[PDB]
Amino acid sequence: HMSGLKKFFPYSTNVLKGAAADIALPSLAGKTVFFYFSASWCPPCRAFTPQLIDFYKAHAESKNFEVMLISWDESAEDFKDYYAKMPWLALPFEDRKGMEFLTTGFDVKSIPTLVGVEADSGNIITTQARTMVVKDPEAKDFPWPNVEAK
Amino acid sequence: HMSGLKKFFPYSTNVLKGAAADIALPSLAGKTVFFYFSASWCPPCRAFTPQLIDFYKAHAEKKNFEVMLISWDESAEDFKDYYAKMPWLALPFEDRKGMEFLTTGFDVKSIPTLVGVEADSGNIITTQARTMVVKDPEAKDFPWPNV
Numbered sequence: 015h016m017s018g019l020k021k022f023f024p025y026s027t028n029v030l031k032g033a034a035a036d037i038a039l040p041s042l043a044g045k046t047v048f049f050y051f052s053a054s055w056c057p058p059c060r061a062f063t064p065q066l067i068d069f070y071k072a073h074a075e076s077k078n079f080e081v082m083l084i085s086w087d088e089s090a091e092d093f094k095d096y097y098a099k100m101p102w103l104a105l106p107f108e109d110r111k112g113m114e115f116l117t118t119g120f121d122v123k124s125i126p127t128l129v130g131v132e133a134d135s136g137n138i139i140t141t142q143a144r145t146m147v148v149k150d151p152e153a154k155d156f157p158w159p160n161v162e163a164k
Numbered sequence: 015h016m017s018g019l020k021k022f023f024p025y026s027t028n029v030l031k032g033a034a035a036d037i038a039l040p041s042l043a044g045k046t047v048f049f050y051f052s053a054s055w056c057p058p059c060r061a062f063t064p065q066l067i068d069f070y071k072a073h074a075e076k077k078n079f080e081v082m083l084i085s086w087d088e089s090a091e092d093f094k095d096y097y098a099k100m101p102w103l104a105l106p107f108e109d110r111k112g113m114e115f116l117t118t119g120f121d122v123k124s125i126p127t128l129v130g131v132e133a134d135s136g137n138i139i140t141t142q143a144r145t146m147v148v149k150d151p152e153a154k155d156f157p158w159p160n161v
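The listed protein sequences correspond, in order, to chains R and C.
Just so you know, full-length UniProt numbering puts 30 at position 16 of the first sequence, and the rest follows in order with no gaps.
Just so you know, full-length UniProt numbering puts 59 at position 45 of the second sequence, and the rest follows in order with no gaps.
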């Protein structure tokens with residue numbers, strides 16, 4: 015059940031949500047999920063994050079998607095402060111190997127990077143959603159499959 | 015000849031096969047052709063490809079079918095190293111327009127996506143080959159018709 019999404023998380027069954035660390039993956043059924051590779055020490059992330067946050071507040075519910083922070087922060091403390099500023103989900107910091115698995119899996123060489131996947135099938139939509147969040151703020155072409163074509 | 019399948023390729027007369035690049039569509043006559051939408055940046059593809067490779071090498075001749083890579087790679091260099099590892103066919107990377115035509119035609123919204131079509135009628139025979147390759151490694155119910 016939800017084996018597609020589970021393939022992205024060999025070492026975690028639950029992800030964080032602000033206060034609680036109790037949201038279970040299967041609760042994302044039917045949604046488009048975006049992995050956001052980001053960190054507090056990254057200048058472009060600091061500039062992109064507020065943009066992603068506006069996009070999230072505008073379309074999350076309507077377009078039925080979720081966002082999950084996958085942190086490249088180097089300390090549990092930095093992670094905690096940085097993630098406090100976001101409204102979406104996060105892969106716990108303690109799951110470093112899970113961060114590494116996702117980072118290598120999608121070939122993420124730099125941040126910020128925003129990867130869109132389908133929860134139900136576990137299929138990938140695009141690794142280049144970061145650009146589209148700003149180019150298509152009204153989400154007319156969401157979730158932007160194969161942006162890589164351009 | 016091969017009028018129907020030829021319409022799937024409005025911009026390429028020949029397709030790849032290793033280092034080749036001289037494969038003509040007429041060779042695919044009377045066969046089932048699987049359009050495999052994939053890219054190096056895709057984890058589920060990376061896990062399915064070796065399964066499809068085993069399946070190809072074990073049934074391509076008997077059940078007589080072919081596989082063609084339709085690449086969502088972001089660059090010619092990525093395509094090159096990614097395709098180098100596959101044994102089947104590929105739509106030339108440079109034909110981005112072609113890849114987009116086929117993407118729109120099969121309505122591919124994410125990858126991996128594997129679609130089987132009857133080369134002769136250009137009809138889609140099956141849309142569940144991705145699942146069934148895994149559930150039916152032996153190729154008992156191939157080609158799992160569902161359209």
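Yeah, the Cβ is synthetic: ideal placement off N, Cα and C, and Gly gets one too.
Given 8 Å, three or more beta-carbon pairs between the segment 113–131 of chain C and the segment 33–43 of chain C = Inter-segment contact for the segment 113–131 of chain C and the segment 33–43 of chain C is absent: fewer than three beta-carbon pairs are separated by less than 8 Å.
Distance between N78 of chain R and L103 of chain C (C-alpha atoms, nearest Å) | Taking the CA atoms as reference points, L103 of chain C sits about 37 Å from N78 of chain R.
Listed from N- to C-terminal order along the chain, which residues in the segment 94–127 of chain R have their beta-carbon within a distance smaller than 7 Å of any beta-carbon of chain C?
-> Closer than 7 Å at the C-beta level to chain C, one finds these residues of the segment 94–127 of chain R: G119, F120, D121.
How far does the beta strand (DSSP E) with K31 of chain R in it reach, from first residue to last?
-> That run of the beta strand (DSSP E) goes 28–31.
How about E80 of chain R and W55 of chain R: are their beta carbons less than 8 Å apart?
-> The answer is no: Cβ separation not under 8 Å.
Can a CB atom of chain C be found closer than 8 Å to the CB of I138 of chain R?
-> With 8 Å as the cut-off, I138 of chain R counts as an interface residue toward chain C.
Could you check where the beta strand (DSSP E) with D36 of chain R kicks off and where it finishes?
-> 34–38 is the extent of the beta strand (DSSP E) around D36 of chain R.
Neighbourhood of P159 of chain C by C-beta distance below 7 Å, restricted to the same chain and skipping five residues each side = Contacts found: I139, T140.
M146 of chain R - containing alpha helix (DSSP H), residue span = From DSSP, the alpha helix (DSSP H) with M146 of chain R extends over 143–149.
Where does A90 of chain R sit, in a helix, a strand or coil, going by DSSP?
-> Helix at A90 of chain R.
Could you check the C-alpha separation between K77 of chain C and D134 of chain C for me, to the nearest Å?
-> Going by the C-alpha atoms only, they are around 16 Å apart.
For chain C, find out if any of its Cβ atoms is closer than 8 Å to the Cβ of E91 of chain R; answer yes or no.
-> The C-beta of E91 of chain R comes no closer than 8 Å to any C-beta of chain C.
For the candidate residues C:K94, C:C56, C:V161, C:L66, whose alpha-carbon lies nearest to that of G18 of chain R?
-> Out of C:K94, C:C56, C:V161, C:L66, C:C56 has the C-alpha closest to the C-alpha of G18 of chain R.
Contained beta strand (DSSP E) runs [length at least 3] in the segment 32–64 of chain C, N- to C-terminal order = Runs of the beta strand (DSSP E) inside the segment 32–64 of chain C: 46–52.
Is the distance from the Cβ of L30 of chain R to the Cβ of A104 of chain R below 8 Å?
-> Yes, these two residues count as a Cβ contact at 8 Å.
Sub-8 Å separation of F120 of chain R and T140 of chain R beta-carbons = No; because the gap between Cβ atoms is not below 8 Å, this pair is not in contact.
Answer yes or no: do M82 of chain R and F49 of chain R have a C-beta to C-beta separation smaller than 8 Å?
-> Yes.
So, is the C-beta of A53 of chain C closer than 8 Å to a C-beta in chain R?
-> At least one chain R Cβ lies under 8 Å of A53 of chain C.
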